[PDB]
Amino acid sequence: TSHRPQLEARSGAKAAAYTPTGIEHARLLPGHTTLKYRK
Amino acid sequence: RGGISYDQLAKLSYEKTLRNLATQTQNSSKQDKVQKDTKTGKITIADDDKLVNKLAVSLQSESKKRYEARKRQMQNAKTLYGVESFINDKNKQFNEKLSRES
Amino acid sequence: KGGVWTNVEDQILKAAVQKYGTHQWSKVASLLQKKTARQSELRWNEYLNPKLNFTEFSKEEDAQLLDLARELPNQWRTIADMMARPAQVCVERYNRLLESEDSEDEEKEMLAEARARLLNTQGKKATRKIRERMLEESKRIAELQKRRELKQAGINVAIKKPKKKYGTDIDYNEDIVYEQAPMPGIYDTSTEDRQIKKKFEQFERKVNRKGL
Amino acid sequence: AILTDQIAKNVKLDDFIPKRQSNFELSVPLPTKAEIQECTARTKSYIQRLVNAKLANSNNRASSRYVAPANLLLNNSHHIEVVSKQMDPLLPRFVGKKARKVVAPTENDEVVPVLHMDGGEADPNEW
Amino acid sequence: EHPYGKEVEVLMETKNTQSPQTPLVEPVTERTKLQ
Amino acid sequence: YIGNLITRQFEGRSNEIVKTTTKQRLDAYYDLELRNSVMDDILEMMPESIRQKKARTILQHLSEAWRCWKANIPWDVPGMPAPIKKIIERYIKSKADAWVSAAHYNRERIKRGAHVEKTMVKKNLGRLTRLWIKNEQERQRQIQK
Amino acid sequence: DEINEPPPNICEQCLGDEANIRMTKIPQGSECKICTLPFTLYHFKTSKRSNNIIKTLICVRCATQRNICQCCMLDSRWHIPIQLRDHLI
Amino acid sequence: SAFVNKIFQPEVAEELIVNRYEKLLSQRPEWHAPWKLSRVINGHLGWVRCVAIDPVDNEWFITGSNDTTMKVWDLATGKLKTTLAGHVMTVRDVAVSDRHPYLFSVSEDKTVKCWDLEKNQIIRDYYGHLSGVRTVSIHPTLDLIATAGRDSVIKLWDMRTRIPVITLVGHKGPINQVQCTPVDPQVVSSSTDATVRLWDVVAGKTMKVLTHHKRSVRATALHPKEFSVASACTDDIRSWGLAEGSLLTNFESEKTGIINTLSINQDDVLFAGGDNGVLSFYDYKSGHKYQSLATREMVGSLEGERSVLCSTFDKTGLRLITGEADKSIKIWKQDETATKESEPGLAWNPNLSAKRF
Amino acid sequence: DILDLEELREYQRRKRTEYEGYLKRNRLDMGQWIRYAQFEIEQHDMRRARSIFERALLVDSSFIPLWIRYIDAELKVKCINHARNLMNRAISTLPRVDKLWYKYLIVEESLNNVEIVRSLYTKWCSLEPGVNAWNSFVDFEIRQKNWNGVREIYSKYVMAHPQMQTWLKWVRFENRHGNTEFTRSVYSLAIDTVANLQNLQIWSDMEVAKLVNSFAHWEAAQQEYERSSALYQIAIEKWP
Ligand SMILES: [Zn+2]
Ligand SMILES: [Zn+2]
């Protein structure tokens, strides 16, 4: 066996109860910090 | 013909156990409340311990009877068919499952 | 060098195609000692196949074959699809239909090897796992029998727990690991819990004396 | 009829029945302009307090750019000033913060009635 | 072959009719600039 | 760079690592979304009484039929329900369009010579020779008809 | 909720006799003794000139479920240990 | 009548199967003019999976598709304006902001992207869904985008800071459709566990769970006036009163099977796209199927290809842009010079046998 | 086989590590949940055995064999008040499902609690479930001989299912008992309601013919041919 399909996907319910880490990612750096509003 | 739906099957299982409960009372007859605690909120029902026993025994008896009626079906269907090539029991139960399809 | 087809190699080839299907020919010819995958594929598609009909032609089929053989001279693979017959059958009949106008033990070794190979469906991870469980059960039984003998000698030694493989590893025996209590209902399950606790303590009291 | 309430209290026949079937011209009003502003400003303040929690907890120094004491205890028998400790910038802030994994229990106080309709249930072997 | 009954207009499009640099929303420039 | 390193020392790795889709796991993730979409549509068709066992067997027919389309073998199951056979043929043709258009797009890359992986050359070699013989088998049947 | 958190449960006899107490809040201080999960460590001193810091050892969730204070972990009413409380009931 | 109440003496006088039924025959639905096909647009290399209309000034619409590319179509002429590529997998949902020049698009490649519609580039990528993202709604006036997918949670994204601000955890299956309303309940979601949730985003919990559907609630739609949502299972469509979580009505959807999309007009016309092309128009306040059309696929395609996948009206409400599986975009016009006479639609005929009402 | 309690304590750790391992990999597979929940009943620890069924209900609460097996597990150990709470949560979660309602009934039938099945049936027939529930509720009062109570049910049963096979079932009830004063009262109520509710169009032409004929052939057996004859004229005129 050991090579299977998925019966269900990994839910985000599980990662919500974890404690966060606060590692700093390169793509979460501040960029496009100003919103543009329509007329 | 065809299959029986679950609401119809639940009624027939409902009706069958009433006939088991009817003859259980007939075989017995042949041989011879509500308190609501206001503080807790709980409701207590006083009932006969014999009828709780007869409820518990009959469910175990129906469980064993279906356990044995299936066990003999396991021992019979293993020793019915041996014509088509198999490898193990899971191959045998699958190729028999192909026979019920056609 | 090109071998001929014995009835042993045919029945191995029938069972292998019954095991592996028709698109794994090098796996089929691995059971046949002396026989190429190109040979065993061609042998199935020309002779062994139960879809093929090795029947005599009808009177209509003989005239319909002579009609095709002037339509497509001579394109036998095309005719055999029209006739739904094998192609060498269509040629050999057509030559006869124009002649109407006249004026052990090595095999039993590879059979036993094929019989062993067909009846083995597990693979290396499964077979190693079966062996590792048989060892683990046998390691347990020896440790239990070792404790029983030391108990006969009066020395009580407790069973060692399996060590924590990671940090938050769980001893399932010590506690109810994810206790979801039954939701509180209105029917006051008070005396029933007392009868369970009496019966559950009674059962563990009988384990200390009778065992099981 | 000794226990009429107690059986299946959460389900009623009123939950099955529609409300527009009595009158097709039932007015379900849009939220008023004073009502959306009371809900926007409550939500916007809650979101901005959450974002400022996330930026301040990150160890990036470039996140304060983009951003309670004297509580009563023991039924106000003690007035307690609550102050913050000056953190050493080298020691790891939030010393109890680890990357651990936690499984959460489910809080089930009230059962949700699964309110289908009854039963076009006849079926041959077509499926 | 003349499908949908000729009341309906059927069109096959394979190329963009705008430049990709075309903004797709006009940026609001209030003050006129001469710089 | 070091601020992530030191916090990994003190706090450990986050357990919530979510892998983005990448060139190496695109073909697997394309299959996970495809099995889910076929699973959802067939399960709505089902009148009642379908479990994790019956949803497990029906996803085989999908895998078998994709092999049959690659083989150019016509895929016919006797006794297959016609709504489900209508569904499975639809998603294959969905997958066929992605299978064919990725094969066209990578040939234009290889002829330009612009950064094709060594495995991707062999894969595109195998995709074309399905398509060329499939085009050949179509042309043989049109002459025969 | 990390931005809406309960006030800490501390005894009167941990706080002592003085009126105003300067207490130090650390938002993720130590981890709880019971549930081993981090919390807001409050710590304080009875007087200004004292020589013993009184820390909150458990989180407010473990303090609420047992109804005990966080510092000395005695019961909030009756001021007795938990093992003696559950024996008297 | 009164004889029903005086003999079969009731306790509610409304919860009788007859008194409910006689008020249905007592009331007549509003007539609507029928819908006809007006333009067929063939521009994609795959299925059209999602259509968004320009909320301001109504010039263009954009169709995210299965060939991983979004294409911008002009509404009036039907011509192709521009092509927005930048996903690697199938674009599931596309939604345009009205207060911003921003375009949000989520694919099954686990990515949530924003688009500067003054520049036509990808700015502000969002990150955190464990699986493919099904849907996005831009919250009105609040500057939040709600994304949800096979992950089974709704992540409330701040726009400016790209932070997973609030994660909504209540479901049991993949979320098929999410909506945003200006007051509480601010997030309306629908998943494959046959539930529709009403979310209190501040507390992060559900106000009301609507367990009335049998099978995966595949599509919801908000009513542009009158503050209600209408959710579709495979068999039934139910309109919901928000701020109470009340069941307003059950529609007359019978033997339609698998409803892929919904869209509500200002004129109380509810559109229901079926996977069997059989597209149906329902009176919103009543539930009357007054029109039922079937589409023609193409010159050559499979019979499964006849399936509506996504739909929306324009801002005027007189056009219906539907994207189907046959790589086509079909525009449906409500025809003028039709009256209540000579185009009555289907007859208003409720029955006892269906227990719907 | 297990000798003492320490060998039992090591036996229980090995199975519970095994079953919790396959349930951690597979939250689904409800059959795997029940085999581990049945294991804890065999270990006589019902506190654990209640927990696996509760954890399995948090995965799939709509799975009916899981509800029945946990109910039966409470009944086989004589915990009757644990079962009453459990079947109450069964019918409050899934009121559509007929099995969960029957299950409540035949246990309280087995305990001879006739006032609890009556209170259960009054609630169940208030949610308008279908004709299988009412027909088992009129069969319940025949068992209890409550003739005045079963006549109250058919007053409500014709209002929940307005159709002639519910009205003609009520006249098959009355003509089984031979009470002539009660039977024609039902017959008079059945034919007026067709006339009163003519405009609603819920009884077909073949359906109203069964009521007029069964009214007339009963009046023929009651030796009043002039009432048998006159109703044919009013029905043909009332419905031409
Ligand atoms: Zn704690
Ligand atoms: Zn204390």
# chains A, B, ... in the order shown; residues from 1 in each chain; ligands from 1

call {"tool": "residues_around", "arguments": {"residues": "residue E:19", "least_positions_apart": "4", "cutoff": "10 Å", "atoms": "only C-alpha atoms", "output": "list in words"}}
result
residues 23 of chain E; 81, 82 and 83 of chain H

call {"tool": "closest_atom_pairs", "arguments": {"of": "chain E", "to": "chain H", "cutoff": "6 Å", "atoms": "only C-alpha atoms", "output": "tab-separated table"}}
result
residue	atom	partner	partner_atom	distance
E:8	CA	H:38	CA	4.7
E:9	CA	H:39	CA	4.8
E:10	CA	H:40	CA	4.8
E:11	CA	H:41	CA	5.4
E:12	CA	H:42	CA	5.0
E:13	CA	H:43	CA	5.2
E:16	CA	H:82	CA	5.2
E:17	CA	H:81	CA	5.2
E:18	CA	H:81	CA	5.2
E:23	CA	H:118	CA	4.5
E:24	CA	H:117	CA	5.6
E:25	CA	H:118	CA	5.1

call {"tool": "write_last_selection", "arguments": {"atoms": "N, CA and C atoms", "output": "tab-separated table (two decimals), in the first residue's frame"}}
result
chain	number	residue	atom	x	y	z
E	8	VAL	N	-28.77	34.94	-32.37
E	8	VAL	CA	-27.63	35.09	-31.47
E	8	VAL	C	-26.39	35.40	-32.29
E	9	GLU	N	-25.55	36.27	-31.76
E	9	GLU	CA	-24.28	36.62	-32.38
E	9	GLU	C	-23.18	35.80	-31.73
E	10	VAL	N	-22.46	35.03	-32.53
E	10	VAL	CA	-21.39	34.16	-32.06
E	10	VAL	C	-20.07	34.76	-32.50
E	11	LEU	N	-19.13	34.91	-31.57
E	11	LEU	CA	-17.84	35.48	-31.91
E	11	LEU	C	-16.72	34.66	-31.28
E	12	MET	N	-15.70	34.37	-32.08
E	12	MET	CA	-14.49	33.70	-31.63
E	12	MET	C	-13.39	34.75	-31.49
E	13	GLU	N	-12.81	34.85	-30.30
E	13	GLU	CA	-11.78	35.84	-30.02
E	13	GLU	C	-10.48	35.14	-29.66
E	16	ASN	N	-6.09	39.91	-27.86
E	16	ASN	CA	-6.57	41.02	-27.06
E	16	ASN	C	-6.70	42.26	-27.93
E	17	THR	N	-7.79	42.99	-27.75
E	17	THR	CA	-7.98	44.23	-28.49
E	17	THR	C	-7.43	45.44	-27.75
E	18	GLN	N	-6.80	45.24	-26.60
E	18	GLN	CA	-6.13	46.31	-25.88
E	18	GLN	C	-4.67	45.96	-25.70
E	23	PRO	N	-4.52	50.64	-18.62
E	23	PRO	CA	-4.71	50.45	-17.18
E	23	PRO	C	-5.89	49.58	-16.79
E	24	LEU	N	-7.05	49.80	-17.41
E	24	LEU	CA	-8.28	49.00	-17.12
E	24	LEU	C	-9.11	49.65	-16.01
E	25	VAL	N	-8.58	50.71	-15.40
E	25	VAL	CA	-9.30	51.68	-14.58
E	25	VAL	C	-8.52	52.98	-14.67

call {"tool": "residues_around", "arguments": {"residues": "residue H:230", "least_positions_apart": "4", "cutoff": "9 Å", "atoms": "only C-alpha atoms", "output": "ChimeraX atom specification"}}
result
/H:219-223,237-241,262-264,270

call {"tool": "write_last_selection", "arguments": {"atoms": "C-alpha atoms", "output": "PDB file, in the first residue's frame"}}
result
ATOM      1  CA  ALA H 219     -23.918  28.081  -4.369  1.00  0.00           C
ATOM      2  CA  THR H 220     -25.372  31.041  -2.523  1.00  0.00           C
ATOM      3  CA  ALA H 221     -26.204  34.528  -3.729  1.00  0.00           C
ATOM      4  CA  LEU H 222     -27.021  37.798  -2.006  1.00  0.00           C
ATOM      5  CA  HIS H 223     -30.102  39.751  -2.963  1.00  0.00           C
ATOM      6  CA  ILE H 237     -33.181  26.319  -3.296  1.00  0.00           C
ATOM      7  CA  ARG H 238     -34.045  28.125  -0.095  1.00  0.00           C
ATOM      8  CA  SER H 239     -34.031  31.853   0.476  1.00  0.00           C
ATOM      9  CA  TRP H 240     -32.831  32.898   3.925  1.00  0.00           C
ATOM     10  CA  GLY H 241     -33.640  35.929   5.962  1.00  0.00           C
ATOM     11  CA  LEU H 262     -26.983  31.420  -8.451  1.00  0.00           C
ATOM     12  CA  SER H 263     -27.468  35.109  -9.117  1.00  0.00           C
ATOM     13  CA  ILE H 264     -30.241  37.436  -7.995  1.00  0.00           C
ATOM     14  CA  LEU H 270     -33.322  34.384  -9.319  1.00  0.00           C
TER      15      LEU H 270
END

call {"tool": "residues_around", "arguments": {"residues": "residue C:157", "least_positions_apart": "5", "cutoff": "10 Å", "atoms": "only C-alpha atoms", "output": "ChimeraX atom specification"}}
result
/C:146-148,150-151

call {"tool": "residues_near_ligand", "arguments": {"ligand": "ligand 2", "cutoff": "10 Å", "atoms": "only C-alpha atoms and all ligand atoms", "output": "PyMOL selection string"}}
result
chain G and resi 9-16+54+56+68-76+79-80

call {"tool": "interface_residues", "arguments": {"of": "chain C", "to": "chain B", "cutoff": "9 Å", "atoms": "only C-alpha atoms", "output": "ChimeraX atom specification"}}
result
/C:15,18,118-121,185-189

call {"tool": "write_last_selection", "arguments": {"atoms": "C-alpha atoms", "output": "PDB file, in the first residue's frame"}}
result
ATOM      1  CA  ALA C  15      -2.979 -17.323 -15.646  1.00  0.00           C
ATOM      2  CA  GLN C  18      -5.483 -13.266 -15.704  1.00  0.00           C
ATOM      3  CA  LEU C 118       1.248 -15.961  -8.880  1.00  0.00           C
ATOM      4  CA  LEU C 119       0.185 -16.699  -5.302  1.00  0.00           C
ATOM      5  CA  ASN C 120       2.347 -13.952  -3.731  1.00  0.00           C
ATOM      6  CA  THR C 121       0.848 -10.455  -3.780  1.00  0.00           C
ATOM      7  CA  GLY C 185     -29.171  15.313  29.671  1.00  0.00           C
ATOM      8  CA  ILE C 186     -32.253  15.495  31.913  1.00  0.00           C
ATOM      9  CA  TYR C 187     -32.608  11.859  32.982  1.00  0.00           C
ATOM     10  CA  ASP C 188     -30.306  11.772  36.072  1.00  0.00           C
ATOM     11  CA  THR C 189     -27.761   8.989  35.561  1.00  0.00           C
TER      12      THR C 189
END

call {"tool": "select_by_dssp", "arguments": {"residues": "stretch 35-115 of chain D", "states": "alpha helix (DSSP H)", "output": "PyMOL selection string"}}
result
chain D and resi 35-57

call {"tool": "interface_residues", "arguments": {"of": "chain B", "to": "chain D", "cutoff": "10 Å", "atoms": "only C-alpha atoms", "output": "ChimeraX atom specification"}}
result
/B:1-5,7,33-34,43

call {"tool": "write_last_selection", "arguments": {"atoms": "N, CA and C atoms", "output": "PDB file, in the first residue's frame"}}
result
ATOM      1  N   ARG B   1     -40.408  -5.664  -6.964  1.00  0.00           N
ATOM      2  CA  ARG B   1     -39.157  -6.133  -6.382  1.00  0.00           C
ATOM      3  C   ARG B   1     -38.311  -4.966  -5.885  1.00  0.00           C
ATOM      4  N   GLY B   2     -37.000  -5.060  -6.092  1.00  0.00           N
ATOM      5  CA  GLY B   2     -36.096  -4.002  -5.695  1.00  0.00           C
ATOM      6  C   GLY B   2     -35.788  -4.027  -4.212  1.00  0.00           C
ATOM      7  N   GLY B   3     -35.028  -3.022  -3.788  1.00  0.00           N
ATOM      8  CA  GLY B   3     -34.640  -2.914  -2.399  1.00  0.00           C
ATOM      9  C   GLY B   3     -35.697  -2.249  -1.538  1.00  0.00           C
ATOM     10  N   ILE B   4     -35.433  -2.247  -0.237  1.00  0.00           N
ATOM     11  CA  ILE B   4     -36.301  -1.632   0.756  1.00  0.00           C
ATOM     12  C   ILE B   4     -35.588  -0.404   1.296  1.00  0.00           C
ATOM     13  N   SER B   5     -36.291   0.722   1.331  1.00  0.00           N
ATOM     14  CA  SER B   5     -35.704   1.946   1.842  1.00  0.00           C
ATOM     15  C   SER B   5     -35.558   1.877   3.359  1.00  0.00           C
ATOM     16  N   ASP B   7     -36.481   3.958   5.738  1.00  0.00           N
ATOM     17  CA  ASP B   7     -37.657   4.266   6.536  1.00  0.00           C
ATOM     18  C   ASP B   7     -38.641   3.109   6.550  1.00  0.00           C
ATOM     19  N   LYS B  33     -42.886   6.010  37.824  1.00  0.00           N
ATOM     20  CA  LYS B  33     -43.470   7.341  37.737  1.00  0.00           C
ATOM     21  C   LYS B  33     -42.459   8.362  37.252  1.00  0.00           C
ATOM     22  N   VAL B  34     -42.766   9.630  37.495  1.00  0.00           N
ATOM     23  CA  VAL B  34     -41.945  10.750  37.059  1.00  0.00           C
ATOM     24  C   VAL B  34     -41.713  11.659  38.253  1.00  0.00           C
ATOM     25  N   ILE B  43     -34.746  14.789  35.846  1.00  0.00           N
ATOM     26  CA  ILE B  43     -35.962  13.992  35.901  1.00  0.00           C
ATOM     27  C   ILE B  43     -35.547  12.558  36.204  1.00  0.00           C
TER      28      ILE B  43
END

call {"tool": "residues_near_ligand", "arguments": {"ligand": "ligand 1", "cutoff": "10 Å", "atoms": "only C-alpha atoms and all ligand atoms", "output": "PyMOL selection string"}}
result
chain G and resi 31-39+57-65+70

call {"tool": "closest_atom_pairs", "arguments": {"of": "chain F", "to": "chain D", "cutoff": "8 Å", "atoms": "only C-alpha atoms", "output": "CSV"}}
result
residue,atom,partner,partner_atom,distance
F:3,CA,D:59,CA,7.9
F:10,CA,D:98,CA,7.3
F:11,CA,D:98,CA,4.3
F:12,CA,D:99,CA,5.4
F:13,CA,D:99,CA,6.2
F:14,CA,D:99,CA,5.4
F:15,CA,D:101,CA,7.0
F:46,CA,D:127,CA,7.0
F:47,CA,D:127,CA,7.9
F:81,CA,D:127,CA,6.2

call {"tool": "atom_distance", "arguments": {"atom1": "atom CA of residue A:31", "atom2": "atom CA of residue H:161"}}
result
8.2 Å

call {"tool": "closest_atom_pairs", "arguments": {"of": "chain C", "to": "chain F", "cutoff": "12 Å", "atoms": "only C-alpha atoms", "output": "tab-separated table"}}
result
residue	atom	partner	partner_atom	distance
C:23	CA	F:71	CA	10.6
C:72	CA	F:144	CA	12.0
C:78	CA	F:144	CA	9.8
C:79	CA	F:144	CA	11.9
C:81	CA	F:144	CA	11.4
C:82	CA	F:144	CA	10.9

call {"tool": "write_last_selection", "arguments": {"atoms": "N, CA, C and O atoms", "output": "compact mmCIF listing (two decimals), in the first residue's frame"}}
result
# COMPACT_ATOMS: atom_id res chain seq x y z
N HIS C 23 -1.25 -5.51 -20.66
CA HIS C 23 -0.32 -4.44 -20.97
C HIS C 23 0.92 -4.48 -20.08
O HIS C 23 1.48 -3.43 -19.76
N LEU C 72 -9.86 -5.57 -51.37
CA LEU C 72 -8.60 -5.16 -50.77
C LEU C 72 -7.53 -6.21 -51.04
O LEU C 72 -7.20 -6.99 -50.14
N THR C 78 -6.50 -5.86 -42.60
CA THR C 78 -7.72 -5.08 -42.79
C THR C 78 -8.93 -5.99 -42.97
O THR C 78 -10.01 -5.71 -42.45
N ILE C 79 -8.74 -7.10 -43.69
CA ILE C 79 -9.82 -8.05 -43.91
C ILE C 79 -10.20 -8.74 -42.61
O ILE C 79 -11.38 -8.91 -42.31
N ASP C 81 -10.09 -7.61 -39.65
CA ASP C 81 -10.94 -6.76 -38.83
C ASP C 81 -12.36 -6.74 -39.36
O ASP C 81 -13.31 -6.63 -38.58
N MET C 82 -12.52 -6.83 -40.68
CA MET C 82 -13.85 -6.90 -41.25
C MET C 82 -14.49 -8.25 -40.96
O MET C 82 -15.67 -8.33 -40.61

call {"tool": "residues_around", "arguments": {"residues": "residue I:104", "least_positions_apart": "3", "cutoff": "8 Å", "atoms": "only C-alpha atoms", "output": "list in words"}}
result
residues 84, 87, 100, 101, 107, 108 and 117 of chain I

call {"tool": "interface_residues", "arguments": {"of": "chain I", "to": "chain F", "cutoff": "12 Å", "atoms": "only C-alpha atoms", "output": "ChimeraX atom specification"}}
result
/I:26-31,60,62-64

call {"tool": "decode", "arguments": {"residues": "stretch 15-68 of chain B", "atoms": "C-alpha atoms", "output": "compact mmCIF listing (two decimals), in the first residue's frame"}}
result
# COMPACT_ATOMS: atom_id res chain seq x y z
CA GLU B 15 -43.06 -4.25 13.88
CA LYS B 16 -41.03 -7.43 14.32
CA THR B 17 -39.81 -6.52 17.79
CA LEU B 18 -43.36 -5.73 18.85
CA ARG B 19 -44.31 -9.29 17.99
CA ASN B 20 -41.34 -10.48 20.00
CA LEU B 21 -42.60 -8.29 22.83
CA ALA B 22 -46.14 -9.59 22.35
CA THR B 23 -45.19 -13.26 22.62
CA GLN B 24 -42.82 -12.51 25.50
CA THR B 25 -45.82 -11.19 27.41
CA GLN B 26 -47.91 -14.13 26.20
CA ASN B 27 -45.27 -16.63 27.31
CA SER B 28 -45.14 -14.85 30.67
CA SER B 29 -48.93 -14.78 31.06
CA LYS B 30 -49.10 -18.48 30.16
CA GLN B 31 -46.85 -19.47 33.08
CA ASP B 32 -49.06 -17.68 35.62
CA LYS B 33 -43.47 7.34 37.74
CA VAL B 34 -41.94 10.75 37.06
CA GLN B 35 -40.07 12.75 39.70
CA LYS B 36 -38.50 16.07 38.70
CA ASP B 37 -35.96 17.43 41.15
CA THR B 38 -36.46 21.19 41.07
CA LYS B 39 -32.98 22.15 42.28
CA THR B 40 -30.95 19.99 39.90
CA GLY B 41 -33.54 20.13 37.14
CA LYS B 42 -33.10 16.40 36.56
CA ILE B 43 -35.96 13.99 35.90
CA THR B 44 -35.97 10.54 37.50
CA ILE B 45 -38.05 7.61 36.27
CA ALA B 46 -38.74 4.59 38.46
CA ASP B 47 -39.11 1.37 36.48
CA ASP B 48 -39.02 -2.38 37.03
CA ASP B 49 -35.55 -3.88 37.16
CA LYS B 50 -36.82 -7.10 35.60
CA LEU B 51 -37.93 -5.29 32.46
CA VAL B 52 -34.57 -3.53 32.28
CA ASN B 53 -32.97 -6.97 32.57
CA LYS B 54 -35.20 -8.45 29.87
CA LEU B 55 -34.37 -5.50 27.66
CA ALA B 56 -30.65 -6.02 28.21
CA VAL B 57 -30.77 -9.79 27.69
CA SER B 58 -32.84 -9.64 24.50
CA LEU B 59 -30.47 -7.19 22.83
CA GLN B 60 -27.54 -9.45 23.66
CA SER B 61 -29.51 -12.41 22.36
CA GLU B 62 -30.34 -10.66 19.10
CA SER B 63 -26.71 -9.62 18.80
CA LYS B 64 -25.45 -13.18 19.25
CA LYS B 65 -28.08 -14.60 16.91
CA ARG B 66 -27.06 -12.31 14.07
CA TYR B 67 -23.44 -12.98 14.95
CA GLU B 68 -24.05 -16.70 14.54
